[PDB]
Every structure is written in structure tokens, then in C-alpha cells.
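Q: Protein chains in written order, with the deposited numbering: chain F, 407 to 454; chain A, 407 to 473.
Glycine included, C-beta positions come from ideal geometry on N, C-alpha and C.
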Amino acid sequence: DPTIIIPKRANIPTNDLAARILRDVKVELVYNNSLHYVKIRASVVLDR
Amino acid sequence: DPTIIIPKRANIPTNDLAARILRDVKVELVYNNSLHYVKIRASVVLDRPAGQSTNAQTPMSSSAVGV
């Protein structure tokens with residue numbers, strides 16, 4: 407599942423507040439991979 | 407407090423008794439003054455003022471060295 411995290415006012419350095427900038431927001435994603443190759447393997451064993 | 411002073415018969419000149427007039431009654435008062443002008447010194451803080459002094463003693467009202 408995607409996740410999102412935001413910093414609270416108690417962590418923003420006073421330098422940013424003077425410049426009015428919010429940084430360090432983070433997001434997470436996972437990509438859906440396609441298929442490119444397939445390799446079968448088998449063995450015809452006979453009962454005894 | 408307002409004061410009122412009245413003289414004494416022994417302190418009145420003989421001339422005034424003939425004229426039948428009293429003098430030298432004195433009164434004092436204090437007036438109360440209204441307000442006409444006012445001044446203000448506002449201030450504005452922009453971001454996170456620095457931490458204040460941690461002193462927790464009663465402020466001494468005078469310097470020890472005066473002699």
C-alpha cells in the first residue's frame with residue numbers, strides 16, 4: 407500500500423519558517439512489473 | 407485630604423471685631439485631571455523567539471555597592 411508522511415511544525419527548522427519552505431515530505435510506491443521470458447522444465451519419469 | 411483652618415477669637419485684631427468681619431479662613435483642595443493623550447509601543451515577533459532567562463529568584467531592587 408502507498409504511504410505518505412508529513413513533518414509536524416515541531417520539526418521544521420526556524421530557517422525554513424523565515425523562507426516559508428516545507429521540505430522532507432516522503433512518498434512510497436511499488437511498480438507493477440511485466441513478463442518478458444519463460445523457461446519450462448520437465449522430466450518424464452515412469453512408474454515401476 | 408482637604409483641610410480647613412479657622413482662627414480663634416483671641417487671634418482676631420481689635421479692629422476687625424469693631425467692623426464685625428472675619429478673615430484668614432484657609433482651605434486646600436486637589437484637582438483631578440482628565441486624560442488627553444496616550445502613547446503605545448507595540449511589537450511583533452516573526453518566528454520562534456529565543457528562550458528566555460531561567461532565573462527564578464526575586465529580583466533584587468537595589469545594587470549592594472552604594473558607598
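Taking C-beta to C-beta, are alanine 425/F and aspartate 453/A nearer than 7 Å?
A: As a first step, residue 425/F must be located in the first sequence, where it is residue number 19. As a first step, residue 453/A must be located in the second sequence, where it is residue number 47. No, these two residues do not count as a Cβ contact at 7 Å.
Q: Count the C-beta pairs between the region 428-438 of chain A and the region 410-420 of chain A that are closer than 8 Å, then say yes if the count reaches three, no if not.
A: Yes: the two stretches touch, three or more of their Cβ pairs being nearer than 8 Å.
Q: Sort out for me which residues DSSP pairs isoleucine 410/A with in a bridge.
A: By 1-based counting over the second sequence, the position of residue 410/A is 4. In the DSSP output, where bridge partners are listed per residue, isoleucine 410/A has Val433/A.
Q: Please report how far the alpha carbon of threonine 420/F lies from the alpha carbon of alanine 456/A, in whole angstroms.
A: Along the first sequence, read from residue 1 onward, the residue named residue 420/F stands at position 14. Along the second sequence, read from residue 1 onward, the residue named residue 456/A stands at position 50. Rounded to whole angstroms, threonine 420/F to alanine 456/A spans 11 Å at the Cα level.
Q: Can you give the Cα-Cα distance for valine 450/A and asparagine 438/A, rounded to whole angstroms?
A: Translated into the one-based positions of the second sequence, residue 450/A becomes position 44. Translated into the one-based positions of the second sequence, residue 438/A becomes position 32. One C-alpha to the other measures close to 36 Å.
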